[PDB]
$ cat model.pdb   # PDB, C-alpha atoms
MODEL        1
ATOM      1  CA  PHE A   5     -17.307   1.425   9.091  1.00  0.00           C
ATOM      2  CA  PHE A   6     -15.559   0.966  12.423  1.00  0.00           C
ATOM      3  CA  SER A   7     -17.538  -1.938  13.905  1.00  0.00           C
ATOM      4  CA  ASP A   8     -15.336  -4.698  15.306  1.00  0.00           C
ATOM      5  CA  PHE A   9     -16.659  -7.326  12.856  1.00  0.00           C
ATOM      6  CA  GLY A  10     -17.627  -4.980  10.022  1.00  0.00           C
ATOM      7  CA  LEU A  11     -16.644  -5.695   6.421  1.00  0.00           C
ATOM      8  CA  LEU A  12     -18.247  -2.593   4.875  1.00  0.00           C
ATOM      9  CA  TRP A  13     -14.904  -0.869   5.512  1.00  0.00           C
ATOM     10  CA  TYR A  14     -13.307  -3.162   2.912  1.00  0.00           C
ATOM     11  CA  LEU A  15     -16.304  -3.596   0.600  1.00  0.00           C
ATOM     12  CA  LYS A  16     -16.496   0.160  -0.064  1.00  0.00           C
ATOM     13  CA  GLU A  17     -13.090   0.025  -1.791  1.00  0.00           C
ATOM     14  CA  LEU A  18     -14.264  -2.287  -4.583  1.00  0.00           C
ATOM     15  CA  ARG A  19     -14.401  -0.697  -8.019  1.00  0.00           C
ATOM     16  CA  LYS A  20     -17.797  -0.864  -9.651  1.00  0.00           C
ATOM     17  CA  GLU A  21     -16.954  -3.864 -11.837  1.00  0.00           C
ATOM     18  CA  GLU A  22     -15.087  -5.573  -8.998  1.00  0.00           C
ATOM     19  CA  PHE A  23     -18.202  -5.239  -6.830  1.00  0.00           C
ATOM     20  CA  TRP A  24     -20.387  -6.772  -9.556  1.00  0.00           C
ATOM     21  CA  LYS A  25     -18.066  -9.764  -9.865  1.00  0.00           C
ATOM     22  CA  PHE A  26     -18.021 -10.121  -6.065  1.00  0.00           C
ATOM     23  CA  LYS A  27     -21.814 -10.302  -6.171  1.00  0.00           C
ATOM     24  CA  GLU A  28     -21.707 -12.774  -9.085  1.00  0.00           C
ATOM     25  CA  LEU A  29     -19.460 -15.121  -7.112  1.00  0.00           C
ATOM     26  CA  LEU A  30     -21.703 -14.863  -4.052  1.00  0.00           C
ATOM     27  CA  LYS A  31     -24.419 -16.438  -6.235  1.00  0.00           C
ATOM     28  CA  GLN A  32     -22.562 -19.711  -6.831  1.00  0.00           C
ATOM     29  CA  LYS A  36     -15.121 -25.332  -1.509  1.00  0.00           C
ATOM     30  CA  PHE A  37     -17.989 -22.940  -0.705  1.00  0.00           C
ATOM     31  CA  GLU A  38     -20.258 -25.690   0.648  1.00  0.00           C
ATOM     32  CA  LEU A  39     -22.721 -23.250   2.252  1.00  0.00           C
ATOM     33  CA  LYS A  40     -26.000 -22.087   0.722  1.00  0.00           C
ATOM     34  CA  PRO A  41     -25.592 -19.176  -1.720  1.00  0.00           C
ATOM     35  CA  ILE A  42     -27.474 -15.932  -1.325  1.00  0.00           C
ATOM     36  CA  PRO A  43     -30.410 -15.787  -3.780  1.00  0.00           C
ATOM     37  CA  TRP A  44     -29.902 -13.514  -6.767  1.00  0.00           C
ATOM     38  CA  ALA A  45     -33.148 -11.763  -5.886  1.00  0.00           C
ATOM     39  CA  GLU A  46     -31.446 -10.067  -2.936  1.00  0.00           C
ATOM     40  CA  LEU A  47     -28.176  -9.655  -4.863  1.00  0.00           C
ATOM     41  CA  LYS A  48     -29.512  -8.282  -8.158  1.00  0.00           C
ATOM     42  CA  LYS A  49     -30.113  -4.734  -6.940  1.00  0.00           C
ATOM     43  CA  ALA A  50     -27.802  -4.831  -3.921  1.00  0.00           C
ATOM     44  CA  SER A  51     -25.558  -1.891  -3.115  1.00  0.00           C
ATOM     45  CA  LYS A  52     -22.370  -2.370  -1.103  1.00  0.00           C
ATOM     46  CA  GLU A  53     -24.327  -1.611   2.066  1.00  0.00           C
ATOM     47  CA  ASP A  54     -26.939  -4.198   1.071  1.00  0.00           C
ATOM     48  CA  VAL A  55     -24.252  -6.831   0.483  1.00  0.00           C
ATOM     49  CA  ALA A  56     -22.674  -6.253   3.913  1.00  0.00           C
ATOM     50  CA  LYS A  57     -26.095  -6.730   5.525  1.00  0.00           C
ATOM     51  CA  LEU A  58     -26.725  -9.796   3.368  1.00  0.00           C
ATOM     52  CA  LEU A  59     -23.430 -11.345   4.414  1.00  0.00           C
ATOM     53  CA  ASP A  60     -24.390 -10.972   8.068  1.00  0.00           C
ATOM     54  CA  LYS A  61     -27.918 -12.307   7.472  1.00  0.00           C
ATOM     55  CA  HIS A  62     -26.729 -15.449   5.697  1.00  0.00           C
ATOM     56  CA  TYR A  63     -23.334 -16.134   7.342  1.00  0.00           C
ATOM     57  CA  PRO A  64     -22.338 -15.713  11.011  1.00  0.00           C
ATOM     58  CA  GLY A  65     -19.397 -13.358  11.334  1.00  0.00           C
ATOM     59  CA  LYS A  66     -16.588 -15.907  11.152  1.00  0.00           C
ATOM     60  CA  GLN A  67     -17.925 -17.272   7.856  1.00  0.00           C
ATOM     61  CA  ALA A  68     -18.816 -13.868   6.363  1.00  0.00           C
ATOM     62  CA  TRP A  69     -15.136 -12.905   6.727  1.00  0.00           C
ATOM     63  CA  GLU A  70     -13.803 -16.155   5.278  1.00  0.00           C
ATOM     64  CA  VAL A  71     -16.053 -15.868   2.201  1.00  0.00           C
ATOM     65  CA  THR A  72     -15.331 -12.150   1.650  1.00  0.00           C
ATOM     66  CA  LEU A  73     -11.547 -12.613   2.015  1.00  0.00           C
ATOM     67  CA  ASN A  74     -11.560 -15.465  -0.489  1.00  0.00           C
ATOM     68  CA  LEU A  75     -13.640 -13.400  -2.930  1.00  0.00           C
ATOM     69  CA  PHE A  76     -11.204 -10.500  -2.532  1.00  0.00           C
ATOM     70  CA  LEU A  77      -8.480 -12.754  -3.910  1.00  0.00           C
ATOM     71  CA  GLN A  78     -10.676 -13.899  -6.838  1.00  0.00           C
ATOM     72  CA  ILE A  79     -11.476 -10.367  -8.083  1.00  0.00           C
ATOM     73  CA  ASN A  80      -7.812  -9.190  -8.001  1.00  0.00           C
ATOM     74  CA  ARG A  81      -7.967  -7.206  -4.763  1.00  0.00           C
ATOM     75  CA  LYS A  82      -5.032  -8.730  -2.918  1.00  0.00           C
ATOM     76  CA  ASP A  83      -4.495  -5.383  -1.169  1.00  0.00           C
ATOM     77  CA  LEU A  84      -7.840  -5.707   0.633  1.00  0.00           C
ATOM     78  CA  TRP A  85      -7.219  -9.364   1.471  1.00  0.00           C
ATOM     79  CA  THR A  86      -3.953  -8.462   3.193  1.00  0.00           C
ATOM     80  CA  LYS A  87      -5.319  -5.311   4.856  1.00  0.00           C
ATOM     81  CA  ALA A  88      -8.136  -7.389   6.342  1.00  0.00           C
ATOM     82  CA  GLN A  89      -5.828 -10.195   7.528  1.00  0.00           C
ATOM     83  CA  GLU A  90      -3.715  -7.464   9.103  1.00  0.00           C
ATOM     84  CA  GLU A  91      -6.647  -6.042  11.070  1.00  0.00           C
ATOM     85  CA  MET A  92      -7.344  -9.544  12.393  1.00  0.00           C
ATOM     86  CA  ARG A  93      -3.753 -10.400  13.268  1.00  0.00           C
ATOM     87  CA  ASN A  94      -3.235  -7.025  14.950  1.00  0.00           C
ATOM     88  CA  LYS A  95      -5.925  -7.913  17.500  1.00  0.00           C
ATOM     89  CA  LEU A  96      -3.735 -10.871  18.596  1.00  0.00           C
ATOM     90  CA  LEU A  97      -1.148  -8.428  19.940  1.00  0.00           C
TER      91      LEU A  97
ENDMDL
END
$ encode --input "model.pdb" --output "structure tokens"
Amino acid sequence: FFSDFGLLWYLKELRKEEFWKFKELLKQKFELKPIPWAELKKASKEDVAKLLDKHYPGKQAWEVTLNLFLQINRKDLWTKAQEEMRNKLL
């Protein structure tokens, strides 16, 4: 939860139907290659965090997750996460 690049801290806060929509959007500018649905179909929140690190180096994993936070109506997590990042500039 406390790893310097870890997103699981934010992913755990998704409601059950927010998490499912997050996974749905991971399947589809977002030029990169999507995660297969095979991995996503059964994937818990812990599975997704691992899958985001497998398929996207850290900088991209964050950019995709932040953007998806905005699309599933979780602005609060988008701004909490930005805040963690900006705070490390101090």
$ residues_near_point --input "model.pdb" --point "(-15.0, -0.8, 4.0)" --cutoff "12 Å" --atoms "only C-alpha atoms" --output "PyMOL selection string"
chain A and resi 5-18+52-53+55-56+72+84-85+87-88
$ atom_distance --input "model.pdb" --atom1 "CA of residue 22 (chain A)" --atom2 "CA of residue 79 (chain A)"
6.1 Å
$ atom_distance --input "model.pdb" --atom1 "CA of residue 62 (chain A)" --atom2 "CA of residue 43 (chain A)"
10.2 Å
$ resolve_selection --input "model.pdb" --expression "the PyMOL selection byres ((chain A and resi 30-37) around 12)" --output "PDB file with C-alpha atoms, in the frame of the given file"
ATOM      1  CA  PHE A  23     -18.202  -5.239  -6.830  1.00  0.00           C
ATOM      2  CA  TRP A  24     -20.387  -6.772  -9.556  1.00  0.00           C
ATOM      3  CA  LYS A  25     -18.066  -9.764  -9.865  1.00  0.00           C
ATOM      4  CA  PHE A  26     -18.021 -10.121  -6.065  1.00  0.00           C
ATOM      5  CA  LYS A  27     -21.814 -10.302  -6.171  1.00  0.00           C
ATOM      6  CA  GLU A  28     -21.707 -12.774  -9.085  1.00  0.00           C
ATOM      7  CA  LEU A  29     -19.460 -15.121  -7.112  1.00  0.00           C
ATOM      8  CA  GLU A  38     -20.258 -25.690   0.648  1.00  0.00           C
ATOM      9  CA  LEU A  39     -22.721 -23.250   2.252  1.00  0.00           C
ATOM     10  CA  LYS A  40     -26.000 -22.087   0.722  1.00  0.00           C
ATOM     11  CA  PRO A  41     -25.592 -19.176  -1.720  1.00  0.00           C
ATOM     12  CA  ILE A  42     -27.474 -15.932  -1.325  1.00  0.00           C
ATOM     13  CA  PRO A  43     -30.410 -15.787  -3.780  1.00  0.00           C
ATOM     14  CA  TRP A  44     -29.902 -13.514  -6.767  1.00  0.00           C
ATOM     15  CA  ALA A  45     -33.148 -11.763  -5.886  1.00  0.00           C
ATOM     16  CA  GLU A  46     -31.446 -10.067  -2.936  1.00  0.00           C
ATOM     17  CA  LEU A  47     -28.176  -9.655  -4.863  1.00  0.00           C
ATOM     18  CA  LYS A  48     -29.512  -8.282  -8.158  1.00  0.00           C
ATOM     19  CA  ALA A  50     -27.802  -4.831  -3.921  1.00  0.00           C
ATOM     20  CA  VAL A  55     -24.252  -6.831   0.483  1.00  0.00           C
ATOM     21  CA  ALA A  56     -22.674  -6.253   3.913  1.00  0.00           C
ATOM     22  CA  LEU A  58     -26.725  -9.796   3.368  1.00  0.00           C
ATOM     23  CA  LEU A  59     -23.430 -11.345   4.414  1.00  0.00           C
ATOM     24  CA  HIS A  62     -26.729 -15.449   5.697  1.00  0.00           C
ATOM     25  CA  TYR A  63     -23.334 -16.134   7.342  1.00  0.00           C
ATOM     26  CA  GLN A  67     -17.925 -17.272   7.856  1.00  0.00           C
ATOM     27  CA  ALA A  68     -18.816 -13.868   6.363  1.00  0.00           C
ATOM     28  CA  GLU A  70     -13.803 -16.155   5.278  1.00  0.00           C
ATOM     29  CA  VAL A  71     -16.053 -15.868   2.201  1.00  0.00           C
ATOM     30  CA  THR A  72     -15.331 -12.150   1.650  1.00  0.00           C
ATOM     31  CA  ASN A  74     -11.560 -15.465  -0.489  1.00  0.00           C
ATOM     32  CA  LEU A  75     -13.640 -13.400  -2.930  1.00  0.00           C
ATOM     33  CA  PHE A  76     -11.204 -10.500  -2.532  1.00  0.00           C
ATOM     34  CA  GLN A  78     -10.676 -13.899  -6.838  1.00  0.00           C
ATOM     35  CA  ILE A  79     -11.476 -10.367  -8.083  1.00  0.00           C
TER      36      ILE A  79
END
$ atom_distance --input "model.pdb" --atom1 "CA of residue 69 (chain A)" --atom2 "CA of residue 95 (chain A)"
15.0 Å
$ axis_aligned_box --input "model.pdb" --around "region 61-74 of chain A" --padding-each-side "6 Å" --output "AutoDock Vina command-line options"
--center_x -19.7 --center_y -14.7 --center_z 5.4 --size_x 28.4 --size_y 17.1 --size_z 23.8
$ decode --input "model.pdb" --residues "region 74-86 of chain A" --atoms "N, CA and C atoms" --output "short mmCIF file (atom, residue, chain, number, x, y, z; two decimals), in the first residue's frame"
data_model
loop_
_atom_site.label_atom_id
_atom_site.label_comp_id
_atom_site.auth_asym_id
_atom_site.auth_seq_id
_atom_site.Cartn_x
_atom_site.Cartn_y
_atom_site.Cartn_z
N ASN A 74 -6.31 8.87 -15.50
CA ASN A 74 -7.32 9.17 -16.51
C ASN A 74 -8.58 8.34 -16.29
N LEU A 75 -8.42 7.05 -15.96
CA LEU A 75 -9.59 6.20 -15.72
C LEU A 75 -10.33 6.62 -14.46
N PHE A 76 -9.61 7.13 -13.46
CA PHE A 76 -10.27 7.65 -12.27
C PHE A 76 -11.25 8.76 -12.64
N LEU A 77 -10.86 9.64 -13.55
CA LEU A 77 -11.77 10.70 -13.97
C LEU A 77 -12.97 10.15 -14.73
N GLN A 78 -12.80 9.06 -15.50
CA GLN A 78 -13.89 8.54 -16.33
C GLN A 78 -14.94 7.78 -15.54
N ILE A 79 -14.62 7.28 -14.35
CA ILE A 79 -15.56 6.51 -13.55
C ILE A 79 -16.07 7.33 -12.36
N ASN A 80 -15.94 8.65 -12.43
CA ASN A 80 -16.49 9.60 -11.45
C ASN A 80 -15.82 9.43 -10.08
N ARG A 81 -14.49 9.37 -10.10
CA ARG A 81 -13.72 9.33 -8.86
C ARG A 81 -12.65 10.42 -8.92
N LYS A 82 -13.15 11.65 -9.07
CA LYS A 82 -12.30 12.84 -9.05
C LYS A 82 -11.47 12.91 -7.78
N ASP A 83 -12.06 12.53 -6.64
CA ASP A 83 -11.36 12.57 -5.36
C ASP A 83 -10.06 11.76 -5.39
N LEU A 84 -10.07 10.59 -6.04
CA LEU A 84 -8.85 9.81 -6.13
C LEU A 84 -7.87 10.43 -7.12
N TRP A 85 -8.38 10.93 -8.25
CA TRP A 85 -7.50 11.65 -9.18
C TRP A 85 -6.74 12.78 -8.47
N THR A 86 -7.44 13.58 -7.67
CA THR A 86 -6.73 14.70 -7.04
C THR A 86 -5.88 14.26 -5.85
#
